[PDB]
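Right, one structure below, let's go through it.
Just so it is clear: chains get the letters A, B, ... in the order the sequence lines come, proteins before strands, and each one is counted from 1. Excluded from the calculations below are hydrogen atoms, water molecules and symmetry mates; all remaining heavy atoms, backbone and side chain alike, are included.
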Protein chains: 2
Amino acid sequence: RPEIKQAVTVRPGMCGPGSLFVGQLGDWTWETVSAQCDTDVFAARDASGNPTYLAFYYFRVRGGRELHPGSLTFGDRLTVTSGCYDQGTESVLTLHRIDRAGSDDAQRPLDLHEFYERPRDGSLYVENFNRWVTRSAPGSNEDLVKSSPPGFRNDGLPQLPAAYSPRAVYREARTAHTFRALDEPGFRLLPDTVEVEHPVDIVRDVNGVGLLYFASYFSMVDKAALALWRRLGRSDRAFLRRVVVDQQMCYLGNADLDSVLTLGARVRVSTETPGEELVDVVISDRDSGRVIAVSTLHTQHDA
Amino acid sequence: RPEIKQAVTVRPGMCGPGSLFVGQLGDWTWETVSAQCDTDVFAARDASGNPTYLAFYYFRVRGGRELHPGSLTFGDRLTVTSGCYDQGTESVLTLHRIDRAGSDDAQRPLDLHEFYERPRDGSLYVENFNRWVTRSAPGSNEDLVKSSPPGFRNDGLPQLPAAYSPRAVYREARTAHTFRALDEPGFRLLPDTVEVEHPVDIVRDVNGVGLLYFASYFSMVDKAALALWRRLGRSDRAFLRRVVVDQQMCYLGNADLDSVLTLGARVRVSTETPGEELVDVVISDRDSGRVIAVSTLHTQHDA
């Protein structure tokens, strides 16, 4: 029932231009659900004793120029406020707000209106919509099955209003292959695109239960984004200076560890604000005919 | 002064076949030094206010068939015991012992004789020898300069005897390009070797202060090890089953983010124990003429 407040000192293991910060956010999600749903998410099993994993399905990190994930450096002092929202017995929404520890109203509780309608430049807003899954066959990562560990307590969580729907957001992204409608005014699509062949990296993409790791989807998206950035003649130093003010990820599937994935990327540039762009990445498993992820990044850069 | 004991539940962010477990060990090292040396290692600065980093120099993870890093899965309950040993004002040795939370004498304190002479199959032994460094020029990762933040308290730490010398161990590895002497009896060198060109991966190899991340050296070593494993006709599934009972890493240098590194690997097989091998990896920066890392892995595998 109570929200979880933490004072966090930024460590090397949770920042930088890789996926470590997203990895820390997902561990916080599993801790918060464990505390609020009276379930050990780390060791969850169904009635037959089959492991069940609280898989990532929809993920958003929204910041701004005053605080974005690239702002975070060793030793920064943060305040983290975390809580869960009822999505039934098979799914759960976890929110995290991140503020600099010394900012004005850092002690404020979670506010759905602030997350969904009035986000503040200077705070980071994280949404993790997770779904319980089991393997349909040992050693297969395809055709995962919906689950719910016995004793999972969603009854004690606060409710979302109909307006605030992670499910509607991800349904539109699966259909459009973007989280920002192509008809959104104030953008122009560049003709330059990339399609990168990515064999699953069994040293870097794989978690401790033999699935593709949710954080490595962020890595694969940035590999596609960097391929497009280089295609447009832009520098590595300039890629490391990019400000990602918003990113959304939908995880449609996992993939077997011998899969060859395809990473497709396209970009729209602002016709209003120099340096503002929307990058869309689609991750395909061509051999099974599946789109396994979609991501949109809203960025601000300086050449 | 007191050792730090922690009860740890294995999270997705600290296990699997990547470098996440090594990343968690290094964050624990920075926490333990901070607590025992009255210094905020995460935000350390010298007298002019230049950032100073407690860089990794020598790293060992020693396990065995009963507990090795590949043993760890989501939700496992561990006991971690951590403490620092005096290496003067510019360096510090941190030890971590990891036991399963329910094992017989998991509450025992750190024991140098147990770490250096009588390690137990069923416990994991970690040594981190770290050295304070500053950049010699902003944005340069070469020719780092020895440092010590003002107020660094090594005076309060226990001493190593002369017999137990991380410095002697790493000096021999820099010279031999292995931590296991080539004249060690009971091994035969295979003729198969690999040399892999690895551009620095600015999405995956780089930390939050723009240096090569200590954990990504472990990733680069496993990329070389996998290249050699495939050269010998062995399967990906078999690589994911490898038992690494001992690994040692020396970090001789860092590298600029536009560097192209070379990863060289060789292997010795046991003439006594089927499936037992010693793999040596050397990481070179050809353009600057530097060996920047050496690693040796002691492994047990099943084809």
Under 4.5 Å to a heavy atom of chain A? For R237(B) that would be neither
Answer with yes or no after comparing the ring centroid distance for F218(A) and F59(A) against a 6.0 Å cut-off, counting only values under it.
-> yes
Are any side-chain N or O atoms of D256(B) and backbone N or O atoms of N141(B), one a donor and one an acceptor, separated by less than 3.5 Å?
-> yes
Heavy-atom distance under 4.5 Å to chain A: side chain of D40(B), backbone, both or neither?
-> side chain
Contact leader toward chain B among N207(A), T73(A), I202(A), where contacts are heavy-atom pairs under 4.5 Å = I202(A)
Check each atom of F239(B) against the heavy atoms of chain A and say whether the ones under 4.5 Å are side chain, backbone, both or neither.
-> side chain
Is there a donor-acceptor pair closer than 3.5 Å between any side-chain N or O of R231(A) and the backbone N or O of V194(A)?
-> no
Hey, does the side chain of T299(A) reach the backbone of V243(A) with a donor-acceptor pair shorter than 3.5 angstrom?
-> no
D287(A) CG: over 12 foreign heavy atoms closer than 6.0 Å | no
Under a 4.5 Å heavy-atom cutoff, which of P17(B), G13(B), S19(B), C15(B) has the most pairs with chain A?
-> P17(B)
Contact part of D222(A) toward chain B, heavy-atom cut-off under 4.5 Å: side chain, backbone, both or neither?
-> both
Please flag which part of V10(A) lies under 4.5 Å from any non-hydrogen atom of chain B: side chain, backbone, both or neither.
-> backbone
Just give me the residue among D258(A), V203(A), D27(A) that pairs up with chain B most often, heavy atom to heavy atom, under 4.5 Å.
-> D27(A)
So, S140(B) side chain and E142(B) main chain: donor-acceptor pair closer than 3.5 Å or not?
-> yes
Atom pair CZ (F152(B)) and CG (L54(B)), whose distance is rounded to the nearest 0.5 Å | 6.5 Å
If one checks every heavy atom of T9(B) against chain A at 4.5 Å, the contacting part turns out to be side chain
